[PDB]
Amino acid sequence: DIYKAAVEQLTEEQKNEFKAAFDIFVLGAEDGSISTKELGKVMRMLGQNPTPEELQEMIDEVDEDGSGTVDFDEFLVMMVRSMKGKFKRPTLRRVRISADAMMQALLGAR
């Protein structure tokens, strides 16, 4: 359930971006979920030559409810699992601390 907590942290733009990708995977599917047939076609389009066992094990790992297919909610958990600003937030903090330290040196001067 720990991966489901980070799903709610995703922005509206990230969820819409992932939905667009998911839609390409399920374009050939009648039930709106990714089966080995859809996965195999996508894998072959990307230049891969997967075996049937490879396709089944890929689906099985991200398939939480044993349906043999991947739905959008399971797809989102899979995306969050692979995403496990190092520069931006701490740098903006250090720059603010520096500007504050300069203002403190000024106002605090005798």
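All residue numbers are counted from 1 along the displayed sequence.
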property: Unmodelled deposited residues flanked by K84 on one side and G85 on the other; result: 4 to 9
property: Greater mean Cα temperature factor according to the PDB record, 5-13 or 92-100; result: 5-13
property: Mean temperature factor over C-alpha atoms, higher-scoring stretch between 62-70 and 37-45; result: 62-70
property: Chain-wide C-alpha B factor ranking for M78, given as lowest, middle or highest third; result: middle
